[PDB]
Amino acid sequence: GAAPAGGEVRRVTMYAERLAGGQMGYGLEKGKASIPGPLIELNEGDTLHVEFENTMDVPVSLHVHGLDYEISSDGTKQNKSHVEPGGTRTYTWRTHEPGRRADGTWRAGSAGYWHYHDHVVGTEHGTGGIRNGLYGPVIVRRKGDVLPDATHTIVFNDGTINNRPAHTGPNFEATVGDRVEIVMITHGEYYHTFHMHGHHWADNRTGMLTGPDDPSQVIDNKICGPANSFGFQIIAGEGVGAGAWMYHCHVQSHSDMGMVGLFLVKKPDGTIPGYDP
Amino acid sequence: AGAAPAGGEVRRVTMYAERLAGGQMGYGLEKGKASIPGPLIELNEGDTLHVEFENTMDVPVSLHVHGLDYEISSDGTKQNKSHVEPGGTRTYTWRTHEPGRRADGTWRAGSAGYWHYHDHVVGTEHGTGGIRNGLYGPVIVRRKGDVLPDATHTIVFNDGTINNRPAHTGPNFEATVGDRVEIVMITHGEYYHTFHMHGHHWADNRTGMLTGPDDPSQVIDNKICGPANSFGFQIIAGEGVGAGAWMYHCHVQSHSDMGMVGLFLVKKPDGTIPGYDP
Amino acid sequence: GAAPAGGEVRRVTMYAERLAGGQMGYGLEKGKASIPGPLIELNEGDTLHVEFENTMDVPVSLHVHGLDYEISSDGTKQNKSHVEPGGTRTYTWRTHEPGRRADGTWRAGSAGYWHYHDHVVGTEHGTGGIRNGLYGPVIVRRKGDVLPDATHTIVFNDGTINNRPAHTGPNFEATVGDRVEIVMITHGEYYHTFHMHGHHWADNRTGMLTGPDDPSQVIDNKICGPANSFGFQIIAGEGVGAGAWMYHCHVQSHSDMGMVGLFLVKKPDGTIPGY
Ligand SMILES: [Cu+2]
Ligand SMILES: [Cu+2]
Ligand SMILES: [Cu+2]
Ligand SMILES: [Cu+2]
Ligand SMILES: [Cu+2]
Ligand SMILES: [Cu+2]
Ligand SMILES: [Cu+2]
Ligand SMILES: [Cu+2]
Ligand SMILES: [Cu+2]
Ligand SMILES: [Cu+2]
Ligand SMILES: [Cu+2]
Ligand SMILES: [Cu+2]
């Protein structure tokens, strides 16, 4: 459907936990941490209280992009908003609709594709926490935004995708016609360029033109550096049909070293033409 | 000097991949006529293009395009078994579509814009050797009513080279003050770049020109780009600046000192370029 | 506070001086050269005459972005538009309003967040001059732009902010409510990603959406590379209140090695909670 107007106050538990291999992740339920962390979804105007527990043995933080938070929810050591080993703390994120200011100018709303990550593990910029996997997607919708059938997050962290061993995807499945949403976050040291075979989107808030008067470049390829976040919705297979549609960083060595995955768009019968496993 | 019409024609073209001097490989429209960059494809939103392809090399090659509609059988990857074995032939079909209102009430963007095609199998199964070797080219898909330029020039930053040329060898392009000049800019390889033109500027959007007083697109003369990025614009040569040898270059400092520079030689109506002196 | 319609003829002297430590800077009076250079503001339509003088022992130039200049003001040795040691030149920049061409298309105005820099020190592309400090900002306003209470310029020159040593800011101060203009320039070899805590803006010309029909992405983070320039206006603390709000390049080793600084937003009473 469509996103309603917001303004609810939401509460959720979140945990930072150690995972295998010196990795670390956020999770909504203890023992269910993951990398990327859980996807947060808000309608503009919602407030979200994150009751947060650090189950690790090193201080950790929650720092969000793009949303409204006071300095006590910055999630940084420099204003003592980190969480000590064993400690707990409520982080609050607010968001707002757009509107006219009394000064006659237009105040942008919070709507968009954002992300949260650690800011204190290893360095005062979270270089270790981010590298171990403390990051996840936040989506803030505007009233009237079209809603997807599925959302998939794709995170270029250094030379990996979602901290996975090279050459292991992830793959994402869908049926021709599905309204599929991608969240694309970049973290760490390197720039990249994100490409999707067979698909394309508009380079604006939503990845869809708002109608025939929207001048945004339509693209299938985008450069991004650390902490960028963007998102788009595609119709699976539109104009192209089913198949295993590669997506990859297009920096050539990066695709050859395993920053590749498969958008597996299936016919209505669940098969993928020409896909040999 | 007119306007792109509505599309819908079924077009067909022969294209070859052939070796060139120095281990370079290029696309062509006629045998022994390959160029780096390869030849420019122009479609109008709605055209279907059939590329009757021929590999004239000893090694496999493929043809993968950005942005245009193609089924999985015209992917041009080994993974999808759509490459060309040596001495072989294959018809690649690219389709395009106009914008329109979907059933769900949303708006489908049309295929129009500045795109490109490259190899996907030489060297690695991502075309890393093929792209290095020069197997890349521009595709312009126009929307009904897009202004057409007096000339189109293509500028490809392939790694540390421009159009696989030697350093400090341009290329240079000429125009006359007031010409509507179209630039296609494509990037390939490992490195990010920043493309700058002295004397000129454009809007960062689909066409490179604002649509009217309401278009918020930023106006820029410098643009960060990366591998497989492609954008395009039309400028008016000499606009508010006049004739002269207008340099263009990548703006990463080391890249411009190594020779990623060229000239936009804009001439007065009589043919003179003030102060030019190679 | 709105910008007026342009069209004045303005004049300015500019000097290129050595500074401490093999650095070089532009300045509006002798012995007043700064890194980054002095902020030049113009309205769409203005012409600006820069009487430039090179007080250095090596040739220097002055090249601009985005503005209208003839080839004689290009500011490169290629056109012999460089200034030899001790010498003087007048560089002339012009600007235009938007409006429709005879051929029917829309011509964009000059308004934007631009900059100027050397083109001949060290190499024929100013690599040594830029590395040395020879860059500064230029803002050009469109009639009706809203004006700001303060403009701050932030230049990522390779691994430094404004050629400063690592971990030495700079910091900027405001008061909750203040309407602040940031100018962001990048020079050198590297790409960066600029990021501000607690604040966000629109990725368009002005930094703010024109109204509900602007589709520009709203962001708090932007990739950029050498000779990119952009700007934006924020309402300090808007929706977030006071505090020492960090900015930095978000490339992890850059923030770790000192490409960081603070945006100090004060309560009306002067104080910064938590600082
Ligand atoms: Cu930070
Ligand atoms: Cu990459
Ligand atoms: Cu592709
Ligand atoms: Cu961040
Ligand atoms: Cu590919
Ligand atoms: Cu370059
Ligand atoms: Cu320039
Ligand atoms: Cu490609
Ligand atoms: Cu230059
Ligand atoms: Cu940086
Ligand atoms: Cu932040
Ligand atoms: Cu420059």
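Here is the naming used below: chain letters follow the sequence lines, and residue numbers restart at 1 for every chain.
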>> The test is side chain to side chain donor-acceptor pair (under 3.5 Å); show your working for C/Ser253 and A/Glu189 and say whether it passes.
In response: CA-CA 7 Å; C/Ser253 80; A/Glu189 191 64 25; 2.5 Å; yes

> So A/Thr186 and A/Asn228, side chain to side chain donor-acceptor pair (under 3.5 Å) or not? Walk me through it.
Replying inline: CA-CA 6 Å; A/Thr186 295; A/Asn228 288 157; over 6 Å; no

> ring pair (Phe, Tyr, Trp, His ring centres under 6.0 Å) between C/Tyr69 and B/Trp246: does it pass, once the steps are laid out?
Replying inline: CA-CA 11 Å; C/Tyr69 51 93; B/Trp246 297 111; 5.7 Å; yes

>> Would B/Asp215 and B/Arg206 count as a salt bridge (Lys or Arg N to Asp or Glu O under 4.0 Å) here? Give the steps.
In response: CA-CA 12 Å; B/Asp215 183 332; B/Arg206 172 178 80 95; over 6 Å; no

> Would C/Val183 and C/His152 count as a side-chain contact (heavy atoms from CB on, under 4.5 Å) if you check the C-alpha gap in whole Å, the side-chain angles of each, and the deciding distance to 0.1 Å?
Replying inline: CA-CA 6 Å; C/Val183 170; C/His152 309 298; over 6 Å; no

> Could you walk me through whether C/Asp158 and C/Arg131 pass the salt bridge (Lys or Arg N to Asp or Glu O under 4.0 Å) check?
Replying inline: CA-CA 8 Å; C/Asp158 294 330; C/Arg131 180 193 110 260; over 6 Å; no

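Formation of a donor-acceptor pair under 3.5 Å by the C/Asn204 side chain with backbone atoms of C/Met208 is found in this model. With hydrogens and angles disregarded, a donor-acceptor distance shorter than 3.5 Å links the side chain of C/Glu44 to the backbone of C/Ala111. Under a 3.5 Å cut-off, the side chain of C/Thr88 and the backbone N or O of C/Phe52 do not form any donor-acceptor pair. A donor-acceptor pair under 3.5 Å is formed between the side chain of C/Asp118 and the backbone N or O of C/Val120. Checking side-chain atoms of C/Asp57 against main-chain N and O of C/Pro85 turns up no donor-acceptor pair under 3.5 Å.
The closest side-chain heavy-atom distance from B/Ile186 to B/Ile155 is not below 4.5 Å. Using a 4.5 Å heavy-atom threshold, the side chains of C/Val155 and C/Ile161 count as separate. Counting only heavy atoms from C-beta outward, the side chains of C/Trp114 and C/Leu67 approach each other to under 4.5 Å. Taking 4.5 Å as the limit, every side-chain heavy atom of C/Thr160 sits out of range of all side-chain heavy atoms of C/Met259. Looking at heavy atoms from C-beta onward, C/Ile71 lies out of side-chain contact with B/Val241 at the 4.5 angstrom threshold. A heavy-atom distance below 4.5 Å is found between the side chains of C/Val58 and C/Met24. Counting heavy atoms from C-beta on, the side chains of C/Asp220 and C/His199 never come closer than 4.5 Å. In this structure the side chain of A/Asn221 reaches within 4.5 angstrom of the side chain of A/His250, judged on heavy atoms.
For the atom pair NE2 (C/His63) and OG (C/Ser73), the distance works out to 11.0 Å, reported to the nearest 0.5 Å. Separating the NE2 atom in C/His187 from the SG atom in C/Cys224 is a distance of 11.5 Å, to the nearest 0.5 Å. Residue C/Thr123 holds its OG1 atom at 8.0 Å from CD1 of C/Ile130, rounded to the nearest 0.5 Å. With values rounded to the nearest 0.5 angstrom, C/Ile35 atom CD1 is found 7.0 Å from C/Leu134 atom CG. Rounding to the nearest 0.5 Å places CZ of C/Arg141 at 6.0 Å from OH of C/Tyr113.
Between B/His198 and B/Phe264, the distance from one ring center to the other does not fall under 6.0 angstrom. Between C/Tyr135 and C/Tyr26, the distance from one ring center to the other does not fall under 6.0 angstrom. Aromatic pair B/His196/C/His125: centroids not less than 6.0 angstrom apart.
The aromatic rings of C/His192 and C/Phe156 lie perpendicular to each other, with more than 60° between the two planes, well past the 30° mark. In this structure, A/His254 and A/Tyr191 have tilted ring planes: the angle between them lies in the 30° to 60° band. By the 30° and 60° cut-offs, the orientation of the rings of C/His65 relative to C/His115 is parallel. Ring geometry for C/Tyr247 versus C/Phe172: interplanar angle of 30 to 60°, hence tilted. Using cut-offs of 30° and 60° on the angle between ring planes, the pair A/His119 and C/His248 is perpendicular. B/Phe195 and B/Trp202 have tilted rings, their planes meeting at an angle from 30° to 60° on a 0 to 90° scale.
In this structure, C/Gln217 places its CD atom where more than 12 heavy-atom neighbours from other residues, nucleotides or ligands lie under 6.0 Å away. Heavy-atom contacts from other residues, nucleotides or ligands closer than 6.0 Å to OH of B/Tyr191 number 12 or fewer. Enclosure of atom CD in C/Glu70 is not indicated, since only 12 or fewer non-hydrogen atoms of other residues, nucleotides or ligands lie within 6.0 angstrom.
A salt bridge links C/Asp203 and C/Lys222; the closest N-O separation between the charged side-chain nitrogens and carboxylate oxygens is under 4.0 Å. Between C/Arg107 and B/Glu239 there is a salt bridge, with a side-chain nitrogen of the basic residue lying less than 4.0 Å from a carboxylate oxygen of the acidic one. A salt bridge is defined here as a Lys NZ or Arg NE, NH1 or NH2 lying under 4.0 Å from an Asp or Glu carboxylate O, and C/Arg10 with C/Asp46 meets this definition. Between C/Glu53 and C/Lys30 there is a salt bridge, since a side-chain N of the basic residue sits under 4.0 Å from a carboxylate O of the acidic one. A salt bridge does not link B/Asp277 to C/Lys80: none of the charged side-chain nitrogens sits closer than 4.0 Å to a carboxylate oxygen.
A donor and an acceptor atom, one from each side chain of C/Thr90 and C/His49, are nowhere located under 3.5 Å apart. Counting only N and O atoms by type, the side chains of C/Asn163 and C/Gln23 include a donor and acceptor under 3.5 Å apart.
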